[PDB]
Visitor: 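Here it is, the structure, as structure tokens.
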2 protein chains.
Amino acid sequence: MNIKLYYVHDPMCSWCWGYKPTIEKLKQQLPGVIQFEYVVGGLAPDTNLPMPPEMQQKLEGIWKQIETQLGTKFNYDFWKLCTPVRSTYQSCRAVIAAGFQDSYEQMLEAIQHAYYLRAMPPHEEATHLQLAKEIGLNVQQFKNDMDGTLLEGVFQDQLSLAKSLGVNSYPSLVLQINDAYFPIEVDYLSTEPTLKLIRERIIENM
Amino acid sequence: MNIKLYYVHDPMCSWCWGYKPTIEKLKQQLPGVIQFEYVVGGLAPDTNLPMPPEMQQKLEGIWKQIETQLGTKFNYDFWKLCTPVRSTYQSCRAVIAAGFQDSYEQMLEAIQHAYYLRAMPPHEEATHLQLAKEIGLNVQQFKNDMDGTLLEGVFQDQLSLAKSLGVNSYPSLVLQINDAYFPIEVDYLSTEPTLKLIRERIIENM
Ligand SMILES: [Mg+2]
């Protein structure tokens, strides 16, 4: 029997940044027989149009919700210092490209820190290349990888997979057992109920 | 995947009687893939040696501990009304003979109630016959099965199975997953920690 937990996220998703300490603990605690697979869900298509000011006020107020409920840190200067753009695809391509040099998780964290703490635009090339350097990547290979057809192939496969798993919001977990798929509820604060749900599913399917 | 939970017990073990409501709940709650198997371990070989006063007092003090810790019921008149004998192989034969007529659990409970509640001597043949009659067994067949070499064989095989499973004392639980065996700690007051131990072990071996 073949068992996999998909974690469907976006580097620019606020709740996923709120979820970070728990999903990392979850992945560490998961039994070794379960593969863990990240899937970018692709929160917003490529675009250069600046975010209209109502959408900016909304997203800012969501950061404050997450801070209140989860204790998550945000540098609110992002809304003052940057021109926010509703576009997340480049940041998904950056994490996948970093994954080619075995640094998927290091780049994911670096983009979340950039966006939520460092007041840096997470959709910009300048940010991605500055992060690639900081994280120790071969910057030139990372830049060629971002622009190659191999990466658009991988990226497209993950966007289709997120829709195929039935995911329309982030973060989401889906557990696969052979040919069957089971959504798993996210618990933001604790790993214990999530592991219970996973073990229970596996055992009901034996 | 072949999964089996062995419960190793003796009808005349007083902690097994203290365990009874929890082990019965456990057996009801077990996921359907796990088979439950009773194994008699044979606390003490056949004998007529009278239990002397110091051991009668030690065993009665254990009954009090069990009552204090678990709320278990005892009729202490056993200690005034009977001549106790530490001899349990016959009582193990009796539950196996009742199992030949699909009444293993009914005879096990009738022996516990006879010993702990009815102040009846649990090692005496007259007790076994009386319980066989009270639970509605074919009494003639029960006596033939008790005296036969067939039952002696099944009984010796249980004594060897219990020792093979690593068990010297009761109650004990051992989980078999294919060819691997895992001791599972007993929790006298609830099933939830024990089910979690079982689920964790199964997922850790697949
Ligand atoms: Mg004795």
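Just so you know, these numbers use all the heavy atoms, side chains as well, and skip hydrogens, waters and symmetry mates. Quick note on labels: first sequence line is chain A, next is B, and so on, each numbered from 1.
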Visitor: Between CE of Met206(B) and CD1 of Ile34(A), what distance do you get to the nearest 0.5 Å?
Guide: 9.0 Å
Visitor: Atom OG1 in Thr191(A), atom CD in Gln29(A): separation rounded to 0.5 Å?
Guide: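 Rounded to the nearest 0.5 Å, the OG1-CD separation comes out at 4.5 Å.
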Visitor: Could you label the plane-to-plane angle of the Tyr115(B) and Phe78(B) rings as parallel, tilted or perpendicular, counting under 30° as parallel and over 60° as perpendicular?
Guide: perpendicular
Visitor: Please tell me if the side chains of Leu175(A) and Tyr6(A) come closer than 4.5 Å, counting only heavy atoms from C-beta onward.
Guide: no
Visitor: For residues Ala94(A) and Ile111(A), report the shortest heavy-atom separation together with the two atoms involved.
Guide: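 Result for this residue pair: CB-CD1, 3.9 Å.
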Visitor: Quick check: closest heavy atoms across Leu49(B) and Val85(B), and the distance to 0.1 Å?
Guide: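 Looking at all heavy atoms of both residues, the closest pair is O-CG1, 3.5 Å.
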Visitor: Are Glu192(A) and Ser190(A) linked by a side-chain donor-acceptor pair shorter than 3.5 Å?
Guide: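 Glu192(A) vs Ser190(A): donor-acceptor pair found between side chains.
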Visitor: Could you please spell out the steps behind the side chain to side chain contact (heavy atoms under 4.5 Å, CB included) verdict for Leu129(B) and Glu125(B)?
Guide: CA-CA 6 Å; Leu129(B) 297 167; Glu125(B) 165 191 297; 3.7 Å; yes
Visitor: Taking atom NZ as the centre, does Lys25(A) end up with more than 12 heavy-atom neighbours from other residues, nucleotides or ligands that are less than 6.0 angstrom away?
Guide: yes
Visitor: So, for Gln69(B) and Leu189(B), which heavy atoms are closest and what is the spacing to 0.1 Å?
Guide: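 What the structure gives for the nearest pair is O-CD1, 4.3 Å.
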Visitor: For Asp157(A) and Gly153(A), indicate whether the former's side chain and the latter's backbone hold a donor-acceptor pair under 3.5 Å.
Guide: no
Visitor: Determine whether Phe36(B) and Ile23(B) make a side-chain contact, defined as any pair of heavy atoms from C-beta on separated by less than 4.5 Å.
Guide: yes
Visitor: Specify the closest pair of heavy atoms between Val174(B) and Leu165(B), including all atoms of both residues, with the distance to one decimal.
Guide: CG2-O, 3.8 Å
Visitor: Between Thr127(B) (side chain only) and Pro121(B) (backbone N and O only), is there a donor and an acceptor less than 3.5 Å apart?
Guide: yes
Visitor: Rounded to the nearest 0.5 Å, what separates atom SG in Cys82(B) from atom NE2 in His123(B)?
Guide: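 Atom-to-atom, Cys82(B):SG and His123(B):NE2 are 8.0 Å apart.
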Visitor: Under 3.5 Å, is there a donor-acceptor pair between the side chain of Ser14(A) and the main chain of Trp63(A)?
Guide: no
Visitor: Check salt bridge (charged side-chain N to carboxylate O under 4.0 Å, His left out) between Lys196(B) and all other residues, then give those that pass, not counting sequence neighbours.
Guide: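 Residues passing salt bridge (charged side-chain N to carboxylate O under 4.0 Å, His left out) with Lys196(B): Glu200(B).
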Visitor: Once side-chain hydrogen bond (donor to acceptor under 3.5 Å, both in side chains) is applied, do any residues pair with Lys4(A), and if so which ones, sequence neighbours excluded?
Guide: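 Counting only residues at least two positions away or on another chain, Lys4(A) forms a side-chain hydrogen bond (donor to acceptor under 3.5 Å, both in side chains) with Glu37(A).
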Visitor: Compare all side-chain heavy atoms of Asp77(B) with those of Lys80(B) and state whether any distance is below 4.5 angstrom.
Guide: yes
Visitor: Could you tell me whether the side chain of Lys20(A) reaches within less than 4.5 Å of the side chain of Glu109(A), counting heavy atoms only?
Guide: yes
Visitor: Begin with the C-alpha distance, continue with both residues' side-chain angles, and end with the deciding distance and a verdict on side chain to side chain contact (heavy atoms under 4.5 Å, CB included) for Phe74(B) and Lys64(B).
Guide: CA-CA 8 Å; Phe74(B) 290 98; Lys64(B) 298 191 192 294; over 6 Å; no
Visitor: Got a donor-acceptor contact below 3.5 angstrom from the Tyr170(A) side chain to the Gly41(A) backbone?
Guide: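 Checked: pair present.
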Visitor: Report the C-alpha separation of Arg118(A) and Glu134(A) in whole Å, then their side-chain angles, then the decisive distance to 0.1 Å, and conclude whether the salt bridge (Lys or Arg N to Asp or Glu O under 4.0 Å) test is met.
Guide: CA-CA 13 Å; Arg118(A) 310 181 62 197; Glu134(A) 286 175 356; 2.9 Å; yes
Visitor: Can you confirm whether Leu173(A) sits close enough to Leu26(A) that some side-chain heavy atom of one is under 4.5 Å from a side-chain heavy atom of the other?
Guide: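 Yes, their side chains come closer than 4.5 Å.
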Visitor: Grab the two heavy atoms, one from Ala98(B) and one from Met107(B), that are nearest each other, plus how far apart they are.
Guide: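 Result for this residue pair: CB-CB, 3.2 Å.
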Visitor: Tell me, do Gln158(A) and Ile96(A) make a side-chain contact under 4.5 Å, heavy atoms counted?
Guide: yes
Visitor: Take the angle between the ring planes of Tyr116(A) and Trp17(A) and call it parallel below 30°, perpendicular above 60°, tilted in between.
Guide: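 Parallel.
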Visitor: Nearest 0.5 Å please: distance from the OG1 atom of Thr194(B) over to the CD1 atom of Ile184(B).
Guide: 8.0 Å
Visitor: Should we say atom CG of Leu150(B) is surrounded by more than 12 heavy atoms from elsewhere, each under 6.0 Å from it?
Guide: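 At most 12 heavy atoms, drawn from other residues, nucleotides or ligands, come within 6.0 Å of this atom.
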Visitor: Could you check whether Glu60(A) and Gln56(A), counting side-chain N and O atoms only, form a donor-acceptor pair closer than 3.5 Å?
Guide: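 The answer is no; no qualifying pair exists.
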Visitor: How many angstroms lie between CG in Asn205(B) and CD1 in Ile177(B), if you round to the nearest 0.5 Å?
Guide: 4.0 Å
Visitor: Looking only at atom types and distance, does a side-chain atom of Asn2(B) sit under 3.5 Å from a main-chain N or O of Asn178(B), one as donor and one as acceptor?
Guide: no
Visitor: Under the side-chain hydrogen bond (donor to acceptor under 3.5 Å, both in side chains) definition, can you give me all pairs with a residue in residues 86-106 of chain A, not counting sequence neighbours?
Guide: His9(A)-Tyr104(A), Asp10(A)-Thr88(A), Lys27(A)-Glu105(A), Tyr38(A)-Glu105(A), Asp46(A)-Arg93(A), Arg93(A)-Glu152(A)
Visitor: Is there a donor-acceptor contact under 3.5 Å linking the side chains of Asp145(B) and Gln141(B)?
Guide: yes
Visitor: To check you understand the geometry: which heavy-atom pair defines the closest contact between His128(B) and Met146(B), and what is its length?
Guide: CB-CE, 4.4 Å
Visitor: Any side-chain heavy atom of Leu5(B) sitting closer than 4.5 Å to one from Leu30(B)?
Guide: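 SC-SC contact between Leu5(B) and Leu30(B) confirmed.
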Visitor: Under the criterion salt bridge (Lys or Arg N to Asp or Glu O under 4.0 Å), I'd like the reasoning laid out for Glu67(B) against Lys73(B): C-alpha separation, chi angles, the key distance, then a yes or no.
Guide: CA-CA 6 Å; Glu67(B) 167 185 309; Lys73(B) 298 179 297 187; over 6 Å; no
Visitor: So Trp79(B) and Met51(B), do their side chains get closer than 4.5 Å, heavy atoms only?
Guide: yes
Visitor: Mind checking the CG-CH2 spacing from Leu70(A) to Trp15(A)? Nearest 0.5 Å is all I need.
Guide: 5.5 Å
